[PDB]
Amino acid sequence: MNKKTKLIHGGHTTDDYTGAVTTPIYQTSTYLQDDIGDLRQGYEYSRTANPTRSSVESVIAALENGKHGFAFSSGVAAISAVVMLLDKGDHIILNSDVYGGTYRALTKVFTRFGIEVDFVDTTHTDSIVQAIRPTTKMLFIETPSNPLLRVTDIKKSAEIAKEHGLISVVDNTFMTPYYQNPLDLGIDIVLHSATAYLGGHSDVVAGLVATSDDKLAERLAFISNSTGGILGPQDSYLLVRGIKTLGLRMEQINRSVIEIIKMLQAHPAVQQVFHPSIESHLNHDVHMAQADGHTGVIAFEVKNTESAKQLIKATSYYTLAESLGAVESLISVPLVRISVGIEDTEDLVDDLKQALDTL
Amino acid sequence: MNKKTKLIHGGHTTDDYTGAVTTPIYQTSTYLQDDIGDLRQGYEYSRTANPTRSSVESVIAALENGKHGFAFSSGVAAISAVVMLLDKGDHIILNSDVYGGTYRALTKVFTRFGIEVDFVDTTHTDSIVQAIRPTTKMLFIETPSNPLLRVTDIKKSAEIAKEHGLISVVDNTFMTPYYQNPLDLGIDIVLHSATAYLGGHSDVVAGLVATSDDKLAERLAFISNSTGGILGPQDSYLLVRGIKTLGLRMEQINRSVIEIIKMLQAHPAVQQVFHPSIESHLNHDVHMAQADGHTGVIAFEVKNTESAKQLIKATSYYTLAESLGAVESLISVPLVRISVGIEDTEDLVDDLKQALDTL
Amino acid sequence: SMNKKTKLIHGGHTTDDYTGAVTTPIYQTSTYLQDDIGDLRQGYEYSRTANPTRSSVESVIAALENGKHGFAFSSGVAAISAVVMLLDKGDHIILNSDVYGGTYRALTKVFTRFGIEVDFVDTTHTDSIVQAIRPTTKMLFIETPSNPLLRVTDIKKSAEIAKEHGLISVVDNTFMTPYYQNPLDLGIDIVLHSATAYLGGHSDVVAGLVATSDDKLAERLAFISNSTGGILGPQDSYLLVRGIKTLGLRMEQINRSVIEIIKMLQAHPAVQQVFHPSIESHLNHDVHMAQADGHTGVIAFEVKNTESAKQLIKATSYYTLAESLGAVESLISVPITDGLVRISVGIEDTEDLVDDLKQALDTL
Amino acid sequence: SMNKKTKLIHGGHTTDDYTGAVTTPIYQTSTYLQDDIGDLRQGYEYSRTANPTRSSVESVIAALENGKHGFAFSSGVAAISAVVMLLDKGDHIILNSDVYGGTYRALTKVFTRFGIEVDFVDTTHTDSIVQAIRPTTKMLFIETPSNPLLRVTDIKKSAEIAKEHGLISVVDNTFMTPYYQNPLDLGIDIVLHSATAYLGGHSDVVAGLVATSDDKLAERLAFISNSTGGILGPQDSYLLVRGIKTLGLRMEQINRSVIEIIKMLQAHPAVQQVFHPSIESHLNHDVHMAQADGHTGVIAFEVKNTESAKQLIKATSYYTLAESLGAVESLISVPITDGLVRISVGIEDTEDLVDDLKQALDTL
Ligand SMILES: Cc1ncc(COP(=O)(O)O)c(CN[C@@H](CCC(=O)O)C(=O)O)c1O
Ligand SMILES: Cc1ncc(COP(=O)(O)O)c(CN[C@@H](CCC(=O)O)C(=O)O)c1O
Ligand SMILES: Cc1ncc(COP(=O)(O)O)c(CN[C@@H](CCC(=O)O)C(=O)O)c1O
Ligand SMILES: Cc1ncc(COP(=O)(O)O)c(CN[C@@H](CCC(=O)O)C(=O)O)c1O
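So the protein sequences, as listed, match chains U, F, P and Y. So the first sequence is numbered by our numbering: it starts at 1 and just counts up by one. So the second sequence is numbered by our numbering: it starts at 360 and just counts up by one. So the third sequence is numbered by our numbering: it starts at 719 and just counts up by one. So the fourth sequence is numbered by our numbering: it starts at 1083 and just counts up by one.
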């Protein structure tokens, strides 16, 4: 199956009972047992397993070429359960440019649980080897990062984590399974902030986790059931529904990203454009070796904070909001960050250009 | 407002915009900002705050006479966030008869995070005083417990936790806010497995947390945002919808519970009926002093495991399932445990009696 | 064999035979796979024709009304439209004089162009029904108790009249609900509901329901529903199933407050007339009590004028000034003269609902 | 000023002005509080009359079709019913000869009793339309391209004919979608859709949509919708809004596969005739290309007989044997002769959809 056919028929998204071509929304909490312990189709309690949630988990497991899938109530919940794979005294290595909520949870919550953290500039693989302490048990890397889009070598990070006995995790939210598959590069666990691209319509807060390891999946299934950060059935369906058009959406976003960047590099009011597609970008060639596409998040710099406030008000199609990966374009100041939507490419380039022209 | 009027108009369950008499389902992830940092109605990101989730949080805060509410993706998620209020080395005291999932999360997950646990027979308040270590920081009690319905003195446990400087938590799932208000008895934090009675229709997996403490609410809001165990908007609405009939449902369940127990105590095939309403029940008078009602979970003993298997098959209205607090009656063997539904009282008594008669 | 409260929980099929789920799965779908051409896995081919979630609520209303076939529509008016479509050009319908405004609107502004000629009759006296039967009469439609004056019509006699003259008897059982009044058991052919009112019960679903035991009329209704497509969505179908579960407890609480609220209205000096079937002096009070074992939560009363009715509504705290009825929250409205107020008793505390309306009437 | 792909994202009102939410809130409600009697906070009083979530999808289809007023119905047939109700007893309707089966069913088995007399015409030759106009003719209904043979009718000429003879022109634009064909811009009075097909796009919503710029006809449609209640639920309204967001990318991918799939069908020896407007030899191929800048994803072709059509469907791997069309997944069916197969090209990979149908046709 090619990529666009996998997004439609990958996993189990139909009902074998009635033949429904979409997954039924099992808004239920419990299931009848014919005999004591005799499950009709393997469901006993919705927290342990829910057929609508099991559908979206089989979709992300296929899109990432994994064996097991896990749906959580948010991208932060999916990252929490992954960190709970370690005990008191264990050490984690993350990239210095992690997303803010990851920095918060690990430095404010899990440090209170004995988990020691150390943020490392992973753009140079040599800095990962040296920081590995005897208690180091995990390697967590996002690529490209937020909001400067720093690229980390996934393959080398996997070989590093393997040699030193580390659980390799990759936050693949920005790249999506359509352009990047960390599991195929040796990574143990891959997770996504499903609120971003997989949902794609700014209407689901969710997280997904995929892995080919039976152990880590067994330990993750126990953590999910024992911590209950599960995704609801309604949100699970809308996630499946939005994933169906993931390929078409990313290709339209990729087409606009190319044209928008060309505009940003030539404007006199824009210094420092940040995106892995730019040639002068650090680790640019590494990104192309591990990905066959590009993310829709772009970051550029204006003169000062007042110019960024003026640029946003002059736009007509960019929505001032705090997410990314939507069908509608989003803009925010973490330096300005934009999440390219699926509007007309000529309209998005012209709207941002005429807004920058007013500076 | 009396109890039945509070369940309808307590909290904020209407739309001030359109005037809609029910809370809109905000299936959304982000919100437009008029200016940088200028929130229209105080919403910026659905994980931090969602209007549908804020509605159900204001309902549970009012029903428990609390000041702040928190909705989580499951009852286990609500209990996890409460445990994350403590750091490495802190100690918790729980009742020896806690629910299984609470035993799992604390002994298999949080012990790996330095949190030391000790389960204590809380039915005698003297056993709580002696176990308080210098590192003890929390007192967690369910009353009545699962599945033997052991009653713990809430008021005395609150005075104990206050004197020794402890965060008092009460799992009020079985009693619901309609019959028991732990906050009114001095308890710091109250939580519920909203999957049970508050939802009431076996279609929402959720947890709720209420507290009158501004500190603990601030620390809980940070934990919820930093761990992302949030409840979805669709599940939040169905929770609000089911809570509307909580009073009518509990009163029907209470009427049947009285008649079912009278039947169970007189049947020759039933030894040892467990419920706080029985006079010979341990701490029976304590339960009536802290609650003006009764739970619908009843536990009784048959001769052996084969008689329990036979009793379940002979029933017609009791559903063999793994939850509780549903409109439909539920039965399970953890000794048999039944969750009384809202069916006709004469039908539920007769159905269970004719099934026990076959033993 | 099941009592009413148990029938509301286990009546019909509201579980999943596949996974075992204790609630009806929401089949948000449009079409269904066929293993072989013409072979349906479980009898579904297109959601408009049949949907598993809609089929659940259809079996519920069929069991609650002691009928064989149930039909769910997009709204109460859609259920009335589909029933009126049972008739041909030139046919005649007899309706009660004070039928709901929307039905009056549909029958006199839309279906008068179908060729159906409508007649509105004081059905409280069954003789007026016999006197109005024209040769080309084919259907008898009656609302009991009506809106907003709650006039009571003899259902059993109306069924015998329709049978005697070969008419299709239809009863709008919205106000009474299947928990208190079963027209099908009294000889009526078709019973319909505005599920927006009490069956939904939480003021969050706009739906219509139809039930009948006649196989011929059911096939004709299934054809019209598929040929006109006023079907109910799967999400609304499930919420309707969910709300029906608490129907008995909701009505029993509403009836308790109805008794105390009426007593307050009869003793207040700013209230003149009170309209409700439970009142002994109400016309056909014995008829209602013989065909129903309960009372609706809609009450109509009169104040001095329109300014008094306006000030009353602003003086209440638990009565929501809005349309619709039968919700868990109490509703108030002014529909028929200026001073005629109409309330929909919710499930709030009885003492709170009586004290709030009593003090509000006292600022007059 | 917006291009098509930007219009699909920001056209109409699909945000919450209150909280600022970037999507339409699902107003699962039935009634609305009134501060003062008759004072509406935001113009809502009863969900059947108007619902905020339904009003969102109504403004979407009105903007996509360059119309002023939009209406959402419970299904595509409900949208057709409400439009046919615009006419009175005795009025006449002219429809294309190969109109959809459900419309044929509704117009010849239900509305023939309304007093409406229906006429089915070969609208591919506009002269047949003029020849059929009776004195009592009031409406012109046309499907282009039709189903399943995809016959193309001149929309611009059909609008001039309706205007010349004082008829209400209606175009079923389901197959073409507003992304490729805008009948209102060509002089048509009313355009309707079966949103179950492409607008929803994910085979999970049964809905109908109507759009018009005529103020008089819009008030008449709003009245019929309220007086018959075939409205769309709030949950289905939102999913319809959500699915429309990706309409352009879905159709553009469907069209790319349509080009390659047709070329394969024209060169396969087990395939005789292929029916699609893009084919140069197709009747009125120049007409379609002049009134639309795209192509539908429904393709019709012929195999040797019925056994060959049965074996073909069992031989595919990505084509789902089911009803409906326009979904993200490819669909197949056998409707008109035995060997006539009808496919609905999905958004799967073009190479995968061409190779899967090519190898399946090769086992014949
Ligand atoms: C790379 C990455 N990881 C994790 C997350 C968090 O997953 P959730 O589903 O949102 O829980 C985000 C979303 N961060 C968003 C929102 C940031 C905020 O609300 O403060 C973003 O970067 O715009 C993310 O972009
Ligand atoms: C007292 C109590 N606390 C916490 C929970 C768990 O909250 P959740 O919403 O389910 O996450 C339950 C539910 N326990 C259920 C289910 C037990 C099981 O599935 O193994 C019960 O006791 O039947 C409970 O009864
Ligand atoms: C007896 C009766 N029949 C039919 C209907 C209409 O069914 P729907 O589900 O609302 O389509 C109503 C609702 N009448 C409501 C609505 C009033 C209005 O819409 O203006 C009422 O009278 O309060 C009704 O009370
Ligand atoms: C052109 C056209 N008009 C109207 C409709 C009906 O609108 P609904 O939303 O389905 O109510 C359809 C769907 N025709 C489908 C359905 C076939 C069937 O129901 O048997 C089709 O032909 O595949 C259609 O293709």
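All C-beta atoms in this analysis are idealised placements derived from N, C-alpha and C, irrespective of residue type, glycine included.
Problem - Extent of the continuous alpha helix (DSSP H) to which F/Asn454 belongs - result: Looking up residue 454 of chain F in the second sequence gives position 95. Note, F/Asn454: premise wrong, no alpha helix (DSSP H); beta strand (DSSP E) at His450 to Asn454.
Exercise for the section: State yes or no: is the C-beta of P/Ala915 nearer than 7 Å to some heavy atom of ligand 3? Expected result: Indexing the third sequence from 1 puts residue 915 of chain P at position 197. P/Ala915 Cβ: within cutoff of ligand 3.
Problem - Boundaries (first-last residue) of the alpha helix (DSSP H) holding Y/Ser1240 - result: Residue numbering aside, residue 1240 of chain Y sits at position 158 when the fourth sequence is read from its first letter. It spans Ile1237 to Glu1246 - the alpha helix (DSSP H) in which Y/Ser1240 sits, taken as one unbroken run.
Problem - Pick from P/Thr741, P/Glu861, P/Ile1065 and P/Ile977 that is closest to P/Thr821, judged by C-alpha positions - result: Counting from one through the third sequence, the residue named residue 821 of chain P turns up at place 103. Each of P/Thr741, P/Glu861, P/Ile1065 and P/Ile977 was checked against the Cα of P/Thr821, and the nearest Cα belongs to P/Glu861.
Handout entry: Beta carbon of U/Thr176 nearer than 8 Å to that of U/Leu238
Key = Residue mapping note: residue 176 of chain U aligns to position 176 of the first sequence, counting from 1. Residue mapping note: residue 238 of chain U aligns to position 238 of the first sequence, counting from 1. Cβ distance not < 8 Å, so U/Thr176 and U/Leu238 don't count as in contact.
Exercise for the section: Verify the CB distance criterion: does F/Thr373 have a CB-CB separation below 8 Å to chain Y? Expected result: Here residue 373 of chain F corresponds to residue number 14 of the second sequence, with the count starting at 1. Chain Y, which has a Cβ nearer than 8 Å to the Cβ of F/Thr373, makes this yes.
Exercise for the section: Identify, in the order they occur along the chain, each residue of the same chain with its Cβ nearer than 6 Å to the Cβ of P/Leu813, setting aside the five sequence neighbours on each side. Expected result: For this step, residue 813 of chain P is matched to residue 95 along the third sequence. Annotation for P/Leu813: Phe838 and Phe859 place their beta carbon closer than 6 Å to its own, counting only its chain and skipping 5 residues before and after.
Problem - Amino acids of chain Y, ordered along the chain, whose beta-carbon sits closer than 7 Å to that of P/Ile1031 - result: Numbered from 1 along the third sequence, position 313 holds the residue referred to as residue 1031 of chain P. Residues of chain Y passing the Cβ test: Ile1119.
Handout entry: Beta-carbon proximity check, U/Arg112 vs F/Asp446, cutoff 8 Å
Key = In the first sequence, residue 112 of chain U corresponds to position 112, counting from 1. In the second sequence, residue 446 of chain F corresponds to position 87, counting from 1. Taking 8 Å as the Cβ cut-off, U/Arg112 and F/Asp446 qualify as a contacting pair.
Practice task
Spell out the partners DSSP gives U/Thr173 in its beta bridges.
Solution key: Here residue 173 of chain U corresponds to residue number 173 of the first sequence, with the count starting at 1. When DSSP reads this structure, U/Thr173 sits in no beta bridge, so it has no partner.
Handout entry: Paired residues, beta bridge with P/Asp837 - DSSP
Key = Here residue 837 of chain P refers to the residue found at position 119 when the third sequence is read from its first residue. Paired residue(s): P/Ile812.
Problem - Short Cβ contact (8 Å threshold) for U/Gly207 with U/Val327 - result: Mapped onto the first sequence, residue 207 of chain U falls at position 207. Mapped onto the first sequence, residue 327 of chain U falls at position 327. Not a contact, by the Cβ cut-off of 8 Å.
Problem - Listed by chain order, chain U residues near F/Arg471 by CB distance under 7 Å - result: As a working note, residue 471 of chain F is residue 112 in the second sequence. Simply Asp87 and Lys88.
Problem - Other residues of its chain near P/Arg974: CB distance less than 8 Å, five sequence neighbours each side excluded - result: As a position in the third sequence, residue 974 of chain P is number 256, starting the count at 1. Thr1068, listed in sequence order.
Practice task
Indicate, with yes or no, if ligand 1 has a heavy atom lying under 7 Å from the CB of F/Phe431.
Solution key: Taking the second sequence and counting its residues from 1, one reaches residue 431 of chain F at position 72. Short note on F/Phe431: C-beta not closer than 7 Å to any heavy atom of ligand 1.
Handout entry: Within chain U, the residues that F/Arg600 reaches when beta carbons sit closer than 7 Å
Key = Position 241 of the second sequence holds residue 600 of chain F. Result: empty, since nearest Cβ-Cβ is about 12 Å, beyond 7 Å.
Problem - Cβ shell of F/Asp651 (< 7 Å), same chain only, five flanking positions each side left out - result: As a working note, residue 651 of chain F is residue 292 in the second sequence. Answer for F/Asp651: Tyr538, listed in chain order.
Exercise for the section: Using DSSP bridges, identify the partner residues of P/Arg1060. Expected result: Taking the first residue of the third sequence as 1, we reach residue 1060 of chain P at position 342. Answer is P/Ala1018 and P/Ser1051.
Exercise for the section: Kindly examine ligand 2 and report whether one of its heavy atoms sits closer than 7 Å to the Cβ of F/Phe469. Expected result: Along the second sequence, one-based indexing puts residue 469 of chain F at 110. Using a cutoff of 7 Å, the CB of F/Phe469 does not count as near ligand 2, since none of the ligand's heavy atoms is closer than that.
Handout entry: F/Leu567 - partner residues in DSSP beta bridges
Key = Numbered from 1 along the second sequence, position 208 holds the residue referred to as residue 567 of chain F. The partner list for F/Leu567 (beta bridge, DSSP) reads F/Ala430 and F/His551.
Problem - Sub-8 Å separation of Y/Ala1154 and Y/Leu1303 beta-carbons - result: For the purposes of this step, residue 1154 of chain Y is taken as the residue at position 72 of the fourth sequence. For the purposes of this step, residue 1303 of chain Y is taken as the residue at position 221 of the fourth sequence. It is not a contact, given that the beta carbons lie outside the stated cut-off.
Exercise for the section: With a threshold of 7 Å, establish whether the CB of P/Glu1041 neighbours any heavy atom of ligand 5. Expected result: You won't find ligand 5 in this model; what it holds is ligand 1, ligand 2, ligand 3 and ligand 4.
Problem - 6 Å Cβ shell around F/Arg509 - same chain, five flanking residues per side excluded - result: The sequence position of residue 509 of chain F within the second sequence is 150, counting from 1. So the list reads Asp456 and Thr482, once near-sequence residues are dropped.
Practice task
Leaving out five residues on either side along the sequence, give the residues of the same chain with a beta carbon under 7 Å from the beta carbon of Y/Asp1434.
Solution key: Sequence index remark: in the fourth sequence, residue 1434 of chain Y carries index 352 (1-based). The answer, listed in chain order, is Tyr1400.
Handout entry: Pair within 8 Å by beta-carbon distance, F/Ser414 and F/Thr372
Key = Taking the first residue of the second sequence as position 1, residue 414 of chain F is located at position 55. Taking the first residue of the second sequence as position 1, residue 372 of chain F is located at position 13. Taking C-beta atoms as the reference points, F/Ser414 and F/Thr372 count as a pair closer than 8 Å.
Exercise for the section: Starting from the Cα of U/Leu311, find the closest Cα among U/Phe110, U/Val336 and U/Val297 and give me that residue. Expected result: Within the first sequence, the letter at position 311 stands for residue 311 of chain U. Each of U/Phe110, U/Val336 and U/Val297 was checked against the Cα of U/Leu311, and the nearest Cα belongs to U/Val336.
Practice task
Using a Cβ cut-off of 8 Å, pull out every chain F residue sitting near P/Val1046, in sequence order please.
Solution key: The residue you call residue 1046 of chain P lines up with position 328 of the third sequence. Here the neighbours are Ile367, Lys603 and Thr604.
Handout entry: Interface partners of P/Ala824 on chain Y, CB under 7 Å
Key = What you label residue 824 of chain P is simply residue 106 of the third sequence in a count that begins at 1. Within chain Y, the residues whose beta carbon sits less than 7 Å from that of P/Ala824 are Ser1309 and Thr1310, listed in sequence order.
Handout entry: Within 8 Å, strictly: CB atoms of U/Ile243 and U/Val59
Key = One-based indexing of the first sequence puts residue 243 of chain U at position 243. One-based indexing of the first sequence puts residue 59 of chain U at position 59. In contact: U/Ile243 and U/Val59 (Cβ atoms closer than 8 Å).
Practice task
Give the single residue among U/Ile8, U/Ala269, U/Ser46 and U/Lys262 whose Cα lies nearest to the Cα of U/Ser277.
Solution key: One-based indexing of the first sequence puts residue 277 of chain U at position 277. Ranking U/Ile8, U/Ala269, U/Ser46 and U/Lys262 by Cα distance to U/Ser277 puts U/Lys262 first.
Practice task
Determine which residues of the stretch 1056-1074 of chain P have a Cβ less than 7 Å from any Cβ of chain F, and write them out in chain order.
Solution key: The residues in question are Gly1064, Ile1065, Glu1066, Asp1067, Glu1069 and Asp1070.
Exercise for the section: Spatial neighbours of F/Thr532 within its chain, please: CB distance less than 6 Å, with the 5 preceding and 5 following residues excluded, ordered by chain position. Expected result: In the second sequence, residue 532 of chain F corresponds to position 173, counting from 1. Around F/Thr532: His551, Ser552 and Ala555.
Exercise for the section: Output yes or no for whether 8 Å exceeds the beta carbon distance between F/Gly425 and F/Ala569. Expected result: Counted from its first residue, the second sequence places residue 425 of chain F at position 66. Counted from its first residue, the second sequence places residue 569 of chain F at position 210. In contact: F/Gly425 and F/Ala569 (Cβ atoms closer than 8 Å).
Problem - Terminal residues of the beta strand (DSSP E) in which P/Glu861 lies - result: Numbered from 1 along the third sequence, position 143 holds the residue referred to as residue 861 of chain P. Unbroken beta strand (DSSP E) run through P/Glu861: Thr855 to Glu861.
Practice task
Give me the Cα-Cα distance between F/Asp573 and Y/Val1287, rounded to the nearest whole angstrom.
Solution key: For the purposes of this step, residue 573 of chain F is identified with residue 214 of the second sequence, where counting begins at 1. For the purposes of this step, residue 1287 of chain Y is identified with residue 205 of the fourth sequence, where counting begins at 1. Going from the Cα of F/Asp573 to the Cα of Y/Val1287 covers about 45 Å.
Practice task
Anything in the stretch 22-35 of chain U with a Cβ closer than 9 Å to a Cβ of chain Y? List those residues in chain order, please.
Solution key: The residues in question are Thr22.
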